[PDB]
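Novice: You'll find data_0.txt just under this line, and it carries compact mmCIF, C-alpha atoms.
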```txt
# COMPACT_ATOMS: atom_id res chain seq x y z
CA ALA A 1 102.29 -6.10 163.93
CA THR A 2 102.73 -6.97 160.26
CA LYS A 3 106.04 -8.51 159.21
CA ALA A 4 107.59 -9.39 155.86
CA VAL A 5 110.86 -10.75 154.49
CA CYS A 6 112.74 -10.89 151.19
CA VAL A 7 115.58 -13.09 149.99
CA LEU A 8 117.72 -11.25 147.45
CA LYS A 9 119.37 -13.43 144.80
CA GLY A 10 121.21 -12.60 141.59
CA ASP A 11 123.43 -14.07 138.87
CA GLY A 12 126.59 -13.56 140.90
CA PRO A 13 127.93 -13.31 144.49
CA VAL A 14 125.23 -10.86 145.59
CA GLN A 15 122.75 -12.21 148.12
CA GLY A 16 120.88 -10.94 151.14
CA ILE A 17 117.98 -11.23 153.54
CA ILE A 18 115.91 -8.15 154.30
CA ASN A 19 113.27 -7.95 157.02
CA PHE A 20 110.27 -5.64 157.29
CA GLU A 21 108.11 -4.74 160.29
CA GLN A 22 105.21 -2.32 160.67
CA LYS A 23 103.52 -1.80 164.05
CA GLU A 24 100.49 0.11 162.74
CA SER A 25 98.92 0.57 159.30
CA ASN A 26 99.55 4.32 159.39
CA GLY A 27 103.03 3.95 160.85
CA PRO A 28 106.60 3.68 159.55
CA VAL A 29 107.99 0.42 158.18
CA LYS A 30 111.27 -0.77 159.74
CA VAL A 31 113.60 -2.33 157.16
CA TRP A 32 116.68 -4.23 158.27
CA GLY A 33 119.05 -6.96 157.15
CA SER A 34 122.27 -7.45 155.23
CA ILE A 35 123.50 -7.92 151.67
CA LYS A 36 126.80 -9.51 150.69
CA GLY A 37 128.79 -9.83 147.47
CA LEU A 38 128.62 -6.10 146.66
CA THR A 39 131.25 -3.62 145.48
CA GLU A 40 132.45 -1.29 148.23
CA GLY A 41 130.30 1.84 148.31
CA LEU A 42 126.77 2.98 147.48
CA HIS A 43 124.06 0.84 145.87
CA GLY A 44 120.52 1.78 144.85
CA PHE A 45 117.84 0.03 146.89
CA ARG A 46 114.23 0.02 145.69
CA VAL A 47 110.90 -1.75 145.29
CA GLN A 48 109.57 -2.46 141.77
CA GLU A 49 105.87 -2.71 140.95
CA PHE A 50 105.70 -6.41 140.13
CA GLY A 51 106.78 -9.48 142.06
CA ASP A 52 107.53 -11.25 138.81
CA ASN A 53 110.84 -13.10 138.84
CA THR A 54 110.22 -15.35 135.84
CA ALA A 55 113.23 -13.68 134.20
CA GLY A 56 115.21 -12.94 137.34
CA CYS A 57 115.32 -9.23 138.08
CA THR A 58 114.68 -8.40 134.43
CA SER A 59 110.94 -9.00 134.85
CA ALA A 60 110.33 -6.93 138.00
CA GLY A 61 108.85 -4.19 135.84
CA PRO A 62 108.54 -0.42 136.40
CA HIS A 63 109.33 1.37 139.66
CA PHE A 64 106.60 1.14 142.28
CA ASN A 65 105.01 4.55 141.74
CA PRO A 66 101.24 4.65 142.48
CA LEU A 67 101.17 8.47 142.52
CA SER A 68 102.96 8.89 139.17
CA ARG A 69 105.61 11.15 140.69
CA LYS A 70 109.25 11.83 139.79
CA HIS A 71 112.08 9.67 141.14
CA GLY A 72 113.75 11.03 144.27
CA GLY A 73 115.25 10.26 147.66
CA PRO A 74 113.41 8.52 150.53
CA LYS A 75 113.16 11.86 152.33
CA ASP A 76 111.98 13.80 149.27
CA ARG A 77 109.68 10.36 145.19
CA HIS A 78 108.22 7.10 143.98
CA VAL A 79 106.82 4.93 146.74
CA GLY A 80 109.54 2.41 145.86
CA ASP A 81 112.52 4.76 146.24
CA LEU A 82 114.37 3.50 149.32
CA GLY A 83 117.63 5.34 148.64
CA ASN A 84 121.06 3.74 148.94
CA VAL A 85 122.70 1.06 151.04
CA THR A 86 126.45 1.11 151.70
CA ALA A 87 128.78 -1.88 151.35
CA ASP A 88 132.09 -2.12 153.23
CA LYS A 89 135.49 -3.29 151.98
CA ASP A 90 134.34 -6.91 152.30
CA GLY A 91 131.29 -6.18 150.13
CA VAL A 92 128.83 -6.43 153.03
CA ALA A 93 126.06 -3.86 153.39
CA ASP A 94 124.07 -3.41 156.57
CA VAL A 95 120.49 -2.36 155.91
CA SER A 96 118.77 -0.27 158.56
CA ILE A 97 115.97 1.94 157.29
CA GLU A 98 112.79 3.38 158.73
CA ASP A 99 110.42 4.57 156.03
CA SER A 100 106.99 6.16 156.29
CA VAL A 101 105.99 6.01 152.62
CA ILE A 102 106.12 2.28 151.97
CA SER A 103 103.69 0.11 153.91
CA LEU A 104 102.74 -3.49 154.54
CA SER A 105 99.08 -2.68 153.89
CA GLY A 106 96.97 -0.23 151.89
CA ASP A 107 97.76 1.31 148.50
CA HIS A 108 101.46 1.65 149.33
CA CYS A 109 101.71 -2.03 150.27
CA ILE A 110 104.95 -3.65 149.06
CA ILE A 111 104.09 -7.25 149.92
CA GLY A 112 104.18 -9.30 146.71
CA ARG A 113 106.43 -6.79 144.95
CA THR A 114 110.12 -7.10 144.03
CA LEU A 115 112.95 -5.67 146.15
CA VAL A 116 116.11 -4.87 144.16
CA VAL A 117 119.68 -3.86 144.87
CA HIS A 118 121.50 -2.01 142.10
CA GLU A 119 124.94 -1.90 140.52
CA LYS A 120 125.60 1.78 141.22
CA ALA A 121 124.47 4.55 143.55
CA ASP A 122 120.98 5.97 143.14
CA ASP A 123 121.40 9.71 142.54
CA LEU A 124 118.05 10.38 144.21
CA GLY A 125 116.86 12.25 141.12
CA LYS A 126 119.51 14.93 141.65
CA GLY A 127 121.71 13.90 138.72
CA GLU A 128 117.43 9.21 133.61
CA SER A 129 117.99 10.74 137.05
CA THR A 130 114.28 11.51 137.49
CA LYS A 131 113.60 8.00 136.19
CA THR A 132 115.89 5.30 137.57
CA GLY A 133 118.36 7.47 139.49
CA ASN A 134 121.11 6.20 137.19
CA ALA A 135 121.61 3.22 139.53
CA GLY A 136 122.55 0.93 136.64
CA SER A 137 121.80 -2.79 136.43
CA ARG A 138 119.86 -4.92 138.92
CA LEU A 139 122.30 -7.14 140.80
CA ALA A 140 119.90 -9.14 142.94
CA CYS A 141 116.24 -9.19 143.83
CA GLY A 142 113.46 -11.22 145.40
CA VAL A 143 109.73 -11.11 146.04
CA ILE A 144 108.67 -9.56 149.37
CA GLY A 145 106.74 -12.18 151.35
CA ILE A 146 104.64 -12.32 154.51
CA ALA A 147 106.65 -13.44 157.54
CA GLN A 148 106.55 -14.11 161.29
CA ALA B 1 95.97 -7.06 141.79
CA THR B 2 94.23 -9.17 139.16
CA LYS B 3 97.18 -11.44 138.34
CA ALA B 4 99.94 -13.13 140.33
CA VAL B 5 102.86 -15.36 139.39
CA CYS B 6 105.19 -17.72 141.21
CA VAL B 7 108.54 -19.21 140.24
CA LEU B 8 109.01 -22.62 141.86
CA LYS B 9 112.56 -23.69 142.66
CA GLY B 10 114.19 -26.11 145.07
CA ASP B 11 117.37 -27.97 145.97
CA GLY B 12 116.55 -30.56 143.30
CA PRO B 13 115.41 -30.47 139.64
CA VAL B 14 111.81 -29.41 140.33
CA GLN B 15 111.06 -26.09 138.66
CA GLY B 16 107.96 -24.35 137.38
CA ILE B 17 106.06 -21.17 136.68
CA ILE B 18 102.50 -20.89 137.95
CA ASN B 19 100.13 -18.05 137.05
CA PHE B 20 97.08 -16.84 138.96
CA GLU B 21 94.38 -14.63 137.50
CA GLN B 22 91.33 -13.13 139.20
CA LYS B 23 89.69 -10.58 136.91
CA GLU B 24 86.86 -10.07 139.39
CA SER B 25 87.22 -9.22 143.09
CA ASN B 26 86.18 -12.22 145.20
CA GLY B 27 85.67 -14.17 141.97
CA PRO B 28 87.19 -17.51 140.98
CA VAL B 29 90.95 -17.61 140.51
CA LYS B 30 92.37 -19.25 137.40
CA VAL B 31 95.58 -21.18 138.13
CA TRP B 32 97.79 -22.42 135.31
CA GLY B 33 101.33 -23.21 134.27
CA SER B 34 103.77 -26.10 134.16
CA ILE B 35 106.09 -27.81 136.64
CA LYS B 36 108.92 -30.09 135.51
CA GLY B 37 111.51 -32.33 137.13
CA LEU B 38 108.93 -34.38 139.04
CA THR B 39 108.41 -38.13 139.32
CA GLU B 40 105.52 -39.48 137.23
CA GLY B 41 102.22 -39.30 139.11
CA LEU B 42 100.48 -37.16 141.72
CA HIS B 43 102.12 -34.39 143.77
CA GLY B 44 100.58 -32.27 146.51
CA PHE B 45 100.03 -28.66 145.48
CA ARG B 46 99.62 -26.15 148.31
CA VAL B 47 99.91 -22.55 149.48
CA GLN B 48 101.84 -22.07 152.73
CA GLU B 49 101.12 -19.30 155.23
CA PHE B 50 104.38 -17.40 154.89
CA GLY B 51 106.31 -16.06 151.91
CA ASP B 52 109.53 -16.77 153.82
CA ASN B 53 112.09 -18.66 151.79
CA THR B 54 115.08 -17.67 153.94
CA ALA B 55 115.69 -21.39 154.49
CA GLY B 56 114.37 -22.52 151.13
CA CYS B 57 111.04 -24.27 151.43
CA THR B 58 111.57 -25.22 155.07
CA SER B 59 110.75 -21.70 156.31
CA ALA B 60 107.40 -21.34 154.53
CA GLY B 61 105.33 -22.25 157.59
CA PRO B 62 102.13 -24.33 157.88
CA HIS B 63 99.66 -24.62 155.02
CA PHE B 64 97.54 -21.48 154.65
CA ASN B 65 94.36 -21.90 156.69
CA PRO B 66 93.22 -18.71 158.43
CA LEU B 67 91.33 -19.58 161.63
CA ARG B 68 89.05 -27.83 152.20
CA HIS B 69 91.60 -25.54 153.82
CA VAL B 70 92.27 -22.38 151.82
CA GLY B 71 95.80 -23.37 150.83
CA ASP B 72 94.92 -26.91 149.76
CA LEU B 73 95.12 -26.86 145.97
CA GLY B 74 94.90 -30.64 145.59
CA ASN B 75 97.35 -32.38 143.27
CA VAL B 76 99.23 -31.73 140.06
CA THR B 77 100.01 -34.71 137.81
CA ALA B 78 103.41 -35.33 136.26
CA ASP B 79 103.62 -37.41 133.08
CA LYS B 80 106.35 -39.89 132.14
CA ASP B 81 108.59 -36.97 131.13
CA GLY B 82 108.18 -35.55 134.63
CA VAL B 83 106.10 -32.58 133.49
CA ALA B 84 102.91 -31.48 135.22
CA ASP B 85 100.69 -29.08 133.30
CA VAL B 86 98.39 -27.11 135.58
CA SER B 87 94.97 -25.67 134.77
CA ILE B 88 92.67 -25.21 137.75
CA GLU B 89 89.84 -22.94 138.81
CA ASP B 90 89.67 -22.19 142.53
CA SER B 91 87.00 -20.15 144.27
CA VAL B 92 88.51 -20.38 147.75
CA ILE B 93 91.92 -18.78 147.22
CA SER B 94 91.95 -15.10 146.28
CA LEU B 95 94.19 -12.21 145.28
CA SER B 96 92.69 -9.99 147.97
CA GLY B 97 90.94 -10.12 151.33
CA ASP B 98 91.08 -12.74 154.06
CA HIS B 99 91.96 -15.49 151.59
CA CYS B 100 94.65 -13.49 149.79
CA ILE B 101 97.63 -15.62 148.72
CA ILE B 102 99.85 -12.77 147.51
CA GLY B 103 103.14 -12.75 149.40
CA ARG B 104 102.67 -16.33 150.55
CA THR B 105 104.53 -19.45 149.38
CA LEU B 106 103.44 -21.93 146.71
CA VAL B 107 104.77 -25.46 147.15
CA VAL B 108 104.82 -28.79 145.29
CA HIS B 109 105.24 -32.00 147.30
CA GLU B 110 107.07 -35.32 146.95
CA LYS B 111 103.86 -37.35 147.21
CA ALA B 112 100.11 -36.87 146.70
CA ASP B 113 97.87 -34.57 148.75
CA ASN B 114 101.62 -37.67 154.13
CA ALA B 115 102.61 -35.49 151.16
CA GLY B 116 106.26 -35.85 152.14
CA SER B 117 108.91 -33.21 151.58
CA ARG B 118 108.55 -29.89 149.74
CA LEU B 119 110.36 -30.35 146.44
CA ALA B 120 110.07 -26.76 145.27
CA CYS B 121 108.50 -23.47 146.31
CA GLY B 122 108.40 -19.77 145.53
CA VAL B 123 106.85 -16.55 146.81
CA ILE B 124 103.62 -15.57 145.01
CA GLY B 125 104.14 -12.13 143.50
CA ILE B 126 101.97 -9.46 141.90
CA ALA B 127 102.02 -9.81 138.11
CA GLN B 128 99.37 -7.28 137.06
```
Just give me the structure of the file as structure tokens.

Specialist:
Amino acid sequence: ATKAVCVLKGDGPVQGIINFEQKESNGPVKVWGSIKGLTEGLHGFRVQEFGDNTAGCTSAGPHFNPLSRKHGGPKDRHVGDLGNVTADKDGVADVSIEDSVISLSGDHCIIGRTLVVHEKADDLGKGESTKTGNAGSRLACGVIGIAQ
Amino acid sequence: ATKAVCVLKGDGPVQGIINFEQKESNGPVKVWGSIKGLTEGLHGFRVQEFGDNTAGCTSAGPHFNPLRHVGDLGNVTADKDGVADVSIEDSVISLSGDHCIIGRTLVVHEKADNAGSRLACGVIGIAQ
């Protein structure tokens, strides 16, 4: 099985570790971990095209969107649209997602790209909505790396 | 991908940006950039197997060597100011295939390529 990991870091309190696992190339990717330092409530969660962090999250580039589609929800979407995570009253968000569109191999591979958590909720393109989901600024991010 | 980039950072003052470009599949990879905050002289320059920086550079795993070893990028050289300018061509590493270094960790060592501790590291990301 292929595994990956990402350390999310920002310019404030926001930080997290997110794990990825995919049993088969054609199968779903399991995404799990936690993010702290967040405002209570919903936060956009997505993969950007580039794993360029030379300017923090500002350099992560466009949304990961190989098929040139409109922004949407994970169940609708760009390959990078992973929906929302929810933070509790202590600012801690549990991440537990199973997604069949991202991958750890092939054209939808996200290894080497940037994972980002956003300031606001991603409207899933149901609101700029069909672009960035109106999720606001990038709070923290990291490059997705190969793991064991 | 035809280009990759890595931001090196550590617990100390060592920091750098390293670029990788491979315009042709399976072709040579150009490696260039600058690393500062080092002691004057030679420092081991390597790619580690895993892009896992959950425990800083200590979680990056063994040097990349599927099965010189692929990850062994020799040395960079810091001047008296502590700056190491990098410009290398490497035909062993790659941005695809069995020798792909995307998603793995780049590291700079305390001493020459016995290399001592990992002063700084970062995950190699897709740049273009």

Novice: Given the choices A:26, A:53, A:137, A:48, which gets closest to residue 120 of chain A if the distance is worked out from all atoms listed in the file?

Specialist: A:137

Novice: Return the single residue from B:112, B:107, B:95, B:5 that is closest to residue 56 of chain B, with distances computed using all atoms listed in the file.

Specialist: B:107

Novice: Using all atoms listed in the file, which residue out of A:115, A:79, A:5, A:14 lies closest to residue 105 of chain B?

Specialist: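 Smallest separation from residue 105 of chain B among the options: A:5.
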
Novice: When you look at segment 30-47 of chain A with a cut-off of 7 Å (counting all atoms listed in the file), what residues show up, excluding the ones that are within fewer than 4 positions of it in the same chain? I need them as a PyMOL selection string.

Specialist: chain A and resi 13-22+63-64+80-89+91-99+113-122+135

Novice: Restrict the distance test to only C-alpha atoms, flag each residue of chain B within 10 Å of chain A, and return the flagged residues as a VMD selection string.

Specialist: chain B and resid 1 4 to 8 16 to 18 49 to 56 59 to 61 101 to 105 122 to 128

Novice: Take the residues just selected and output them with C-alpha atoms as a tab-separated table (two decimals), keeping the file's coordinate frame.

Specialist:
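The result, written out as selection-v8.tsv:
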```tsv
chain	number	residue	atom	x	y	z
B	1	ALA	CA	95.97	-7.06	141.79
B	4	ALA	CA	99.94	-13.13	140.33
B	5	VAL	CA	102.86	-15.36	139.39
B	6	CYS	CA	105.19	-17.72	141.21
B	7	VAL	CA	108.54	-19.21	140.24
B	8	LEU	CA	109.01	-22.62	141.86
B	16	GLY	CA	107.96	-24.35	137.38
B	17	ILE	CA	106.06	-21.17	136.68
B	18	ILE	CA	102.50	-20.89	137.95
B	49	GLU	CA	101.12	-19.30	155.23
B	50	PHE	CA	104.38	-17.40	154.89
B	51	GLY	CA	106.31	-16.06	151.91
B	52	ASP	CA	109.53	-16.77	153.82
B	53	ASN	CA	112.09	-18.66	151.79
B	54	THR	CA	115.08	-17.67	153.94
B	55	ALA	CA	115.69	-21.39	154.49
B	56	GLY	CA	114.37	-22.52	151.13
B	59	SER	CA	110.75	-21.70	156.31
B	60	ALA	CA	107.40	-21.34	154.53
B	61	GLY	CA	105.33	-22.25	157.59
B	101	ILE	CA	97.63	-15.62	148.72
B	102	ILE	CA	99.85	-12.77	147.51
B	103	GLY	CA	103.14	-12.75	149.40
B	104	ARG	CA	102.67	-16.33	150.55
B	105	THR	CA	104.53	-19.45	149.38
B	122	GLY	CA	108.40	-19.77	145.53
B	123	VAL	CA	106.85	-16.55	146.81
B	124	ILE	CA	103.62	-15.57	145.01
B	125	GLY	CA	104.14	-12.13	143.50
B	126	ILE	CA	101.97	-9.46	141.90
B	127	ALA	CA	102.02	-9.81	138.11
B	128	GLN	CA	99.37	-7.28	137.06
```

Novice: Please provide the set of residues having any atom within 9 Å of residue 111 of chain B, restricted to all atoms listed in the file, with same-chain residues fewer than 3 positions apart removed, written as JSON, numbers by chain.

Specialist: {"B": [41, 42, 43, 44, 108, 114, 115, 116, 117]}

Novice: Considering only C-alpha atoms, can you say which of B:13, B:82, B:74, B:62 comes closest to residue 34 of chain B?

Specialist: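 Comparing B:13, B:82, B:74, B:62 against residue 34 of chain B, the winner is B:82.
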
Novice: Between atom CA of residue 32 of chain B and atom CA of residue 46 of chain B, measure the distance and give it in Å to one decimal.

Specialist: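 One can read the atom CA of residue 32 of chain B to atom CA of residue 46 of chain B distance as 13.6 Å.
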
Novice: Just how far from atom CA of residue 66 of chain A is atom CA of residue 124 of chain A, in Å to one decimal?

Specialist: 17.8 Å

Novice: Just give me the residues with any atom within 9 Å of (96.1, -17.6, 157.0), file coordinates, counting all atoms listed in the file, written as a ChimeraX atom specification.

Specialist: /B:48-50,63-67,70-71,98-101
